[PDB]
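Step one of this worksheet: look at the structure below.
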Amino acid sequence: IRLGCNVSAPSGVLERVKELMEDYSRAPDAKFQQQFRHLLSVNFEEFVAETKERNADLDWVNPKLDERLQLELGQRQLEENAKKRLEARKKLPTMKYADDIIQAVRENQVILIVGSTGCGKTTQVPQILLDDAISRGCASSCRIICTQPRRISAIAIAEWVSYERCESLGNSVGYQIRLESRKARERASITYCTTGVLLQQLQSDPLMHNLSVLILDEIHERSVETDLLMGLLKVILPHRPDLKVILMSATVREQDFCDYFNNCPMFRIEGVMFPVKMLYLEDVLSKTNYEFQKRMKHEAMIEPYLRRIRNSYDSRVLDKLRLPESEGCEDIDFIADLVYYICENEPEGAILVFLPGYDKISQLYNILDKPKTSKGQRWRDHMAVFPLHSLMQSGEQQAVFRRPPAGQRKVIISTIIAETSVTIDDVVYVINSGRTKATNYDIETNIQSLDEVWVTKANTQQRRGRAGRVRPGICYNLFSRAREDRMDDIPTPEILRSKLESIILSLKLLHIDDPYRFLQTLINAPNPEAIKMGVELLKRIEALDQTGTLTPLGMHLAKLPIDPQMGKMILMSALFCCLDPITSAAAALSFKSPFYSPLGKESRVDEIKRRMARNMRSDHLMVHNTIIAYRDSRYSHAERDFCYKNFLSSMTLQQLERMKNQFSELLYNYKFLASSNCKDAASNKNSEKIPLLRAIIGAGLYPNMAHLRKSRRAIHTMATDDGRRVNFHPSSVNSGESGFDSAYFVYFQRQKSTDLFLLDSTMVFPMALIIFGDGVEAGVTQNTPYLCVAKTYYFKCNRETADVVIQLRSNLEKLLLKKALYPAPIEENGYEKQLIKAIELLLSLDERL
DNA sequence: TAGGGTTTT
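Taken in order, the first sequence gives residues 52 to 79, 90 to 355, 369 to 786, 793 to 929; the numbers are from the authors' numbering.
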């Protein structure tokens, strides 16, 4: 055993702590307590009964409202506002199956509608059902919820259906995404919402008694949420016979979902796109005649293939397929040539290039921007080149989607962001690398990695679709048909990659107490060892006890829309009066960071983050300081110049502020804060005490610790608590820095790409880990007295301080158990404040002088 | 010295 720095406290400080704890130890209405015990006493039968009396609103119908929307509908279908709209609707393929669909929903509880894009299933199926209920005289019985995976889609689709119905948004159709809603009228209505909104509303209505029809869309994408939702539909619908659900899918393994719902009726609706011709690597080379020069395991794939096409291609075209670099995007000069080829031949239209990630977008941007070849210098002035990437600004401006200036052709260099998330309408040509990046969590080594991999057949068909929204397009795939043959059908469904602590906790609020049982029933059941790992984390942070039952703390965490570790950090900041900086750290880690990474400016972005960090050695507090500067930028009417000079996204910052207010308002509702305003003076009496903020951050990120050992920009010898050598990710503020006041760090995410990096980190102090961690014991090892945390990191510590810290931890354990069970703000002049002050005192010993 | 992409009453 190695022994770290001494953490013993002075006599005078220890005496004040003993007095504070002894004043805390002379202390003698809980709606929450009653609800927590009620959840733990009832079995599932009682819980289904009890939720059916409490959610009874749609037992009530209004016949005069029914009668008036019926008559109003019949005559507004004689106006010429509509009836232009209505015959333009009838040109969508879905509307010819209108009556077959109405009849199928009436006769069956679950149906499935399969259709390619342009078929109108999302637009039309909700209104076919809605207008049928209104026509039949049953308007007020009808409440239609239709889920979508992405926030942008729920809005645009709702604004479209509202237009198709000659209404301002909010009367018959509405949308609800998180922290923004234009709600439809209460009854006879269609609401589009993200799947996550629906999932949060089960906590209050777990058997879906507040809607009459549920439509799940784009389920073939196998997001965690809709895969989760279908699992719970098999629990709910045996108890909701009147509820109608309509599954909706693209033609991507349609049959899986039909199989799941044992064999339900399945419609196939034709689509509307223009033909997109597909070329593979052998076809591109025979048209570009490009030549390369500056493992294998390749040959066994390509040489059989080269014999079955031998008479369909020139022999020299086939010999380039023998090169492993011809495949994918290993040679960017070859992608630049195919861009140059489309510019000379092959008439008007924008080019959409899919490359895996930032590094290879940067490469092809620079070859087209500052060409080395004369062929490319030819074309530099006649291309308007746009990189597209979720950390780049181009998506949140308006030029990437408008048509290019006269005499210039648009070239978009994009990651998979342009497959579904972002949409460009005048694209005619797609260059499909066939390579993207994916995250791989390995249960065996607990190493999450970011690897470049081949795309799936579902992927390439989506990319080919992006070429046929305007004209017949062309799609070039930079890989052979032999490579396509060995591609997977779909990407790994993401629930097999995710960690489950958040889901397991959410299930216990739906009275699904065994997660091994229920998770085994999804389409793709996760590794039961991942569940074991999720449960052990939830046991560690004490959201479940050691028999696995929900604790009072765990019930509050389950009700916060944020991963449960960061949920805990937010509660802590409510009881330790540092709420505004800590909810900033939490929001940013759950959402993304507000900094762009524009091309060519990486070293300048490094300076900005270094300056916003104010030398506090933490990526988390850096964000909070960025947010403090953004508010001052707005108070100053200098917001756009501030965002310009610092490479920050206004819209991300404005979203992080809506999230911090959501957290404080939730905490105010749960009786943990006196005020809902997260910048309130009383909730932030300690918000400037930097050592205390590292303590609360660590209380959330624990047990993700790392210890630093050497120096030299600088070279770091560092390792996580488990012994693996790590480094800070170069995008982190602590990469390469020299002279840390402490050698210990906490982190949210470890990731291997070129090395094992920490993507974010805060420098932390040993006494903070001791107070808020576990695995704390006192003893002697060489002949010196120690005190340790996680039984991993051992610190020299006198026996007077170790006696006080152990007794201080035991009172902190008791205080948290009380505030979870009987929520109230900590009163500024009471017994519980005395314990808090004891902790403020100890941690303050580590401020930089 | 490096950053696939969604999303939460």
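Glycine is no exception: its CB is placed at the ideal position from the N, C-alpha and C atoms.
Where in the stretch 472–539 do unbroken runs of the alpha helix (DSSP H), each at least 4 residues long, occur, reported from the N-terminal end onward?
If we require 4 residues or more, the alpha helix (DSSP H) runs fully inside the stretch 472–539 come out as 531–539.
Would you be able to state if there are at least three C-beta pairs under 8 angstroms between the stretch 134–149 and the stretch 286–304?
They do not touch, by the three-pair rule.
For the beta strand (DSSP E) that contains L740, what are its first and last residues?
It is not in any beta strand (DSSP E) - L740 instead sits in the alpha helix (DSSP H) that spans 724–743.
Counting Cβ pairs, one atom from each stretch, are 3 or more of them under 8 angstroms apart for the stretch 198–216 and the stretch 120–132?
Per the Cβ contact rule, the stretch 198–216 is in contact with the stretch 120–132 (3 or more Cβ pairs under 8 angstroms).
Nearest-angstrom Cα distance between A117 and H270?
Taking the straight line joining both Cα atoms gives about 7 angstroms.
For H781, which three-state DSSP category applies?
The answer is strand: DSSP assigns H781 an E or B state.
Distance, Cα to Cα, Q451 vs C417?
Distance between the alpha carbons of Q451 and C417 is about 13 angstroms.
Strictly by DSSP, which residues pair up with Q209?
For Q209, the beta-bridge partners assigned by DSSP are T255.
With a threshold of 8 angstroms, are at least 3 pairs of Cβ atoms found where one atom belongs to the stretch 799–814 and the other to the stretch 901–920?
The stretch 799–814 is not in contact with the stretch 901–920.
Taking 8 angstroms as the threshold (C-beta atoms), are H781 and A823 in contact?
Contact: yes.
Suppose you measure from the CA of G469 to the CA of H463; what does that come to, to the nearest Å?
A straight line joining the alpha-carbon of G469 with that of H463 spans about 7 angstroms.
Could you name the residues that DSSP lists as bridge partners for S310?
Answer by DSSP bridge pairing, in chain order: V175.
Three-way DSSP call (helix, strand, coil) for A458 in this model:
DSSP places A458 in strand when its eight states are reduced to three.
For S495, which residues of its own chain have a beta-carbon under 7 angstroms away from its beta-carbon, when the five flanking residues on both sides are left out?
Excluding sequence positions up to five before and after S495, its CB lies within less than 7 angstroms of the CB of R211, all in the same chain and listed in chain order.
Taking its Cβ as the centre, do 16 or more other Cβ atoms sit within 10 Å of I771, making it buried, or is it exposed?
Answer is buried; the Cβ neighbour count reaches 16.
Do you know how far the Cα of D693 is from the Cα of residue 933?
Absent from the model: residue 933. The displayed extent of the chain is 52 to 929, so no value can be given.
What does the Cβ neighbour count give for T255, buried or exposed, with the cut at 16 atoms within 10 Å?
Per the 10 Å Cβ criterion, buried.
Can you look up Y550 in the DSSP assignment and give me helix, strand or coil?
Strand, per DSSP.
Of all the options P565, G855, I764, which has the alpha carbon lying nearest to the alpha carbon of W528?
Nearest option by C-alpha distance: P565.
Is the number of C-beta pairs between the stretch 885–893 and the stretch 68–79 that are closer than 8 angstroms three or more?
Verdict: yes, contact present.
Status (buried if at least 16 other CB within 10 Å, exposed otherwise) for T623
The residue in question, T623, is exposed, as its Cβ has fewer than 16 Cβ neighbours within 10 Å.
So, at 7 angstroms on beta carbons, what are the nonlocal neighbours of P445 in its own chain, with the 5 sequence-adjacent residues on each side left out?
Excluding residues within five positions, the ones whose Cβ falls inside 7 angstroms are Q451, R454.
Would you kindly report the start and end of the unbroken beta strand (DSSP E) that includes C752?
For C752, no beta strand (DSSP E) encloses it, and the DSSP letter there is neither H nor E.
Can you tell me whether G774 is buried or exposed? The criterion is at least 16 other CB atoms within 10 Å of its CB, across all chains shown.
The residue is buried, with at least 16 neighbouring Cβ atoms inside 10 Å.
Backbone secondary structure at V844 - three-state DSSP:
Correct three-state label for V844: strand.
Within this structure, are the beta carbons of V103 and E111 separated by less than 8 angstroms?
Here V103 is near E111, since their CB atoms are less than 8 angstroms apart.
Using only the alpha-carbon positions, how far apart do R146 and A532 sit?
As the crow flies, the alpha-carbon of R146 is around 34 angstroms from that of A532.
So, is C652 buried or exposed, given that buried needs 16 or more other C-beta atoms within 10 angstroms?
Under this definition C652 is a buried residue.
For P865, which residues does DSSP report across the bridge?
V860.
Nearest residue (CA-CA) to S580, options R571, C549, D525, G641:
It is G641 whose Cα lies nearest to the Cα of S580.
Go through the stretch 373–457 residue by residue and report every complete run of the beta strand (DSSP E) that reaches 3 residues or more, in order.
Inside the stretch 373–457, DSSP marks whole beta strand (DSSP E) runs of 3 or more residues at positions 424–428, from first to last along the chain.
Minimum C-alpha distance to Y742 - residue among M291, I644, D619
Nearest C-alpha to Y742: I644.
DSSP beta-bridge partners of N807:
In DSSP, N807 forms a bridge with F837.
State yes or no: is the C-beta of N778 within less than 8 angstroms of the C-beta of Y827?
For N778 and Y827, yes; Cβs fall inside 8 angstroms.
Look at the alpha carbon of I701 and the alpha carbon of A904, and state the distance between them as a whole number of angstroms.
For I701 and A904, the distance between alpha carbons rounds to 28 angstroms.
Could you pull the DSSP bridge partners for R204 from this structure?
BP columns for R204 point to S250.
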